[PDB]
Amino acid sequence: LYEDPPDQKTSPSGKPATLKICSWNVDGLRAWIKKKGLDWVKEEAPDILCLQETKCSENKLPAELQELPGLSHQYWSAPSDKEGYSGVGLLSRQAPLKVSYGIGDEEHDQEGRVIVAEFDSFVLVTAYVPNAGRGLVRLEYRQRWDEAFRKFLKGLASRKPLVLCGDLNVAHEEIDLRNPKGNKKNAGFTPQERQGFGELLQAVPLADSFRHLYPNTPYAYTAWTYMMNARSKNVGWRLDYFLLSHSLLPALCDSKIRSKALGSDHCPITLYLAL
DNA sequence: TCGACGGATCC
DNA sequence: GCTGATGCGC
DNA sequence: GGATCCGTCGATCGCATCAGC
Ligand SMILES: [Ca+2]
Ligand code: NA
Ligand code: NA
């Protein structure tokens with residue numbers, strides 16, 4: 001079992017956290033709201049909330065989402081021609097300077113996976129990375145995605161400090177899942193997916209916020225299959241990340257795993273920055 | 001993720 | 001709206 | 001030749017679609 005440590009809300013130089021970002025693969029936004037997700041969000045009170053795998057077109061967005069005046073600026077992306085699949089959202093207390101959808105590549109911008117929100121001091125990207133598939137049927141596609149995404153993020157980070165959050169659909173290293181041996185040909189732990197993640201960290205470059213602070217902490221996961229009672233056994237994967245520009249590391253206060261928040265087969269993760 | 005399967009392969 | 005089947009996925 | 005091993009290999013859970021009416 002795993003117990004996330006208490007929230008560190010001061011920076012390495014003693015500056016108080018001024019910004020709290022929460023990211024959560026809700027795996028069915030309507031179901032997550034029915035499973036009381038927005039109660040949990042309201043007690044966490046983030047300044048920005050990023051959601052993945054909403055599986056909900058904009059028309060079907062439940063009413064409860066306009067009853068949250070702390071996250072009143074809301075942006076949504078859905079697949080162009082495939083309903084109930086993928087989907088992401090970004091809700092913010094303050095309006096961003098600019099919002100865009102996708103990474104600027106037609107091939108990869110059709111499944112509602114990416115929202116980019118530019119603020120004063122940084123750019124925030126939230127992403128739902130495409131799963132490599134059962135039988136690895138989409139691994140070849142995933143490797144092309146990885147190359148296009150890496151390139152996109154490198155470009156962005158060259159202009160403003162970057163924060164990338166969301167479900168990146170890879171457990172980087174053997175410490176990031178419960179059963180590394182049995183999963184090296186399964187989606188999320190292929191050498192191709194792990195190599196892509198490493199290349200992302202090096203080429204942009206980006207740092208893995210949680211591992212920067214807790215480099216040797218095992219059993220810390222963000223996702224558990226619904227089957228086989230995995231979550232109660234903590235047989236999980238760390239698939240949800242906050243990746244940061246190296247320049248933001250002195251602003252980094254903490255990177256949390258909200259293990260006990262139910263409502264999905266992923267738990268939320270939370271980032272504190274002193275900006 | 002778990003167990004049932006099968007087909008090496010040591011004692 | 002309801003049933004039954006298919007898609008997709010830690 | 002009875003008992004362990006180790007590469008596959010199906011059925012689980014959950015959400016949302018779709019076809020039909
Ligand atoms: Ca499928
Ligand atoms: Na390894
Ligand atoms: Na630096």
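Proteins get letters first, then strands, A, B, ... in listed order; numbering begins at 1 in each.
Look at NZ on A/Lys233: it is 7 Å from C1' on B/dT1, rounded to the nearest Å. Atom CD of A/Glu53 is separated from atom P of D/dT17 by 12 Å (rounded to the nearest Å). Taking atom NZ of A/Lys181 as the reference point, atom P of D/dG7 lies 13 Å away to the nearest angstrom. What separates CE of A/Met227 from P of D/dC13 is a distance of 8 Å, to the nearest Å. The OH atom of A/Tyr85 sits 17 Å away from the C1' atom of D/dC18 (whole-angstrom rounding). The distance between atom NZ of A/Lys55 and atom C1' of D/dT17, rounded to the nearest whole Å, is 9 Å. Between the P atom of D/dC13 and the NZ atom of A/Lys35 lies a distance of 15 Å, rounded to the nearest Å. The distance between atom OH of A/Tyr128 and atom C1' of D/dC15, rounded to the nearest whole Å, is 12 Å.
Of the side-chain N and O atoms in A/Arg134, none sit less than 4.0 angstrom from OP1 or OP2 of D/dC9. Contact between the side-chain N/O atoms of A/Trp32 and the OP1/OP2 oxygens of D/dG14 is not found at any separation under 4.0 Å.
Taking the P atom of each, C/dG9 and D/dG7 are spaced 27 Å apart, rounded to whole Å. Comparing the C1' positions of D/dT8 and C/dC8 gives an interatomic distance of 22 Å, to the nearest angstrom. Nucleotides B/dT1 and C/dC10, compared at atom P, are 12 Å apart to the nearest Å. Nucleotides B/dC11 and D/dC6 have their P atoms positioned 15 Å apart, rounded to a whole Å.
South is the pucker class for the sugar of D/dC9, given a negative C1'-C2'-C3'-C4' value. With respect to the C1'-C2'-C3'-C4' torsion, D/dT12 shows a north sugar, the value lying on the positive side. Nucleotide C/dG7 shows a negative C1'-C2'-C3'-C4' value and thus a south, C2'-endo-like sugar.
One side chain, A/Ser13 or A/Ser11, offers a donor N or O that lies under 3.5 Å from an acceptor on the other. With hydrogens and angles left out, the side-chain atoms of A/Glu106 and A/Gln110 include a donor and acceptor closer than 3.5 Å. A side-chain donor-acceptor contact under 3.5 Å links A/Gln8 and A/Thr10. A donor-acceptor pair shorter than 3.5 Å cannot be found between the side chains of A/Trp237 and A/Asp176.
A salt bridge is absent between A/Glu199 and A/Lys154: the closest approach of a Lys/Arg side-chain nitrogen to an acidic carboxylate oxygen does not fall below 4.0 angstrom. A/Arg258 has no carboxylate O lying under 4.0 Å from a charged side-chain N of A/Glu43, or vice versa, which leaves the two without a salt bridge. Ion pair A/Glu44/A/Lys256 not flagged as a salt bridge, since none of the NZ, NE, NH1 or NH2 atoms sits closer than 4.0 Å to an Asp/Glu carboxylate oxygen. Ionic pairing of A/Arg150 and A/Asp146 is not present here: no N-O contact between side-chain nitrogen and carboxylate oxygen is shorter than 4.0 angstrom.
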Salt bridge (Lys or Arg N to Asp or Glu O under 4.0 Å) evaluation trace for A/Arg238 with A/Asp208: CA-CA 12 Å; A/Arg238 194 170 66 102; A/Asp208 180 339; 2.8 Å; yes
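In this structure, A/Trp145 and A/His108 have perpendicular ring planes: the angle between them is above 60°, well past the 30° mark. Between A/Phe210 and A/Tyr214, the two ring planes are tilted [angle within 30° to 60°].
Candidate nucleotides D/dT17, D/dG14, B/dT1 were compared by shortest atom distance to the side chain of A/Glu83, and D/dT17 ranks first.
Interface residues of residues 183-196 of chain A facing DNA chain C, ordered by number: A/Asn183; criterion, heavy-atom separation under 4.0 Å.
A stacking criterion of 5.5 Å and 30° is met by the six-membered base rings of adjacent nucleotides D/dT8 and D/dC9.
B/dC5: no Watson-Crick or G-U partner with both key distances under 3.5 Å is found in any strand.
If you walk DNA chain C from 5' to 3' and mark each nucleotide with an atom closer than 4.0 Å to a heavy atom of chain A, the marks span C/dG7 to C/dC10.
Between A/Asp167 and the choices A/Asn25, A/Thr222, A/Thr126, the side-chain hydrogen bond (donor to acceptor under 3.5 Å, both in side chains) rule is met once, by A/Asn25.
A distance-only check finds a donor-acceptor pair linking the side chain of A/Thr190 to the backbone of A/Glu193 [under 3.5 Å].
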Toss me the dot-bracket line for DNA chain C: Watson-Crick and G-U wobble, both under 3.5 Å, 5' to 3', using | for pairs to another strand and [ ] for crossers. |||||||.|.
